[PDB]
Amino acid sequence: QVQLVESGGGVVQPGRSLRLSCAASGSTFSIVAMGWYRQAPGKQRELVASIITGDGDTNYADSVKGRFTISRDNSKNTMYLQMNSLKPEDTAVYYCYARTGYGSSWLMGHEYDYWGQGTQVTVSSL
């Protein structure tokens, strides 16, 4: 019902910026809230930022408070994560995530959640 496509991965030196994009398709009205997850090899999946599509409130993880900004644009039906002041630790696979209800509720004809393919974000120097 909902498809999510990531864009804007890549390699960067520490301190440089990068901006992840997640484009939603199909039943985009189902979506209520969205987020970015990241997965480093060895360590666990970590929630990075979340967002309410409606009102636009954001939750950030302590480890990126100040440095990352999550935002949404309904016109373009996309969610962005601006990542500034990148660190080695930020290196992980960034997955885009979307939900269709409040609490553990989900919209009748749709999926409880949806994921994207993930983009790779590498920060090492030279």
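Residue numbers here begin at 1 and follow the sequence given.
> Got a sec? Mean C-alpha B-factor, which is higher, 10 to 18 or 99 to 107?
Replying inline: Looking at the record's C-alpha B-factors, the answer is 10 to 18.
> Comparing 52 to 60 with 83 to 91, which has the greater mean CA B-factor as deposited?
Replying inline: That would be 83 to 91.
>> Just to confirm, going by the entry's C-alpha B-factors, which of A40, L47, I31, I70 comes out highest?
In response: By C-alpha B-factor in the record, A40 ranks first.
>> Looking at the temperature factor on the CA atom of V121, which third of the chain's modelled residues does it land in?
In response: Highest third, going by the recorded CA B-factors of the chain.
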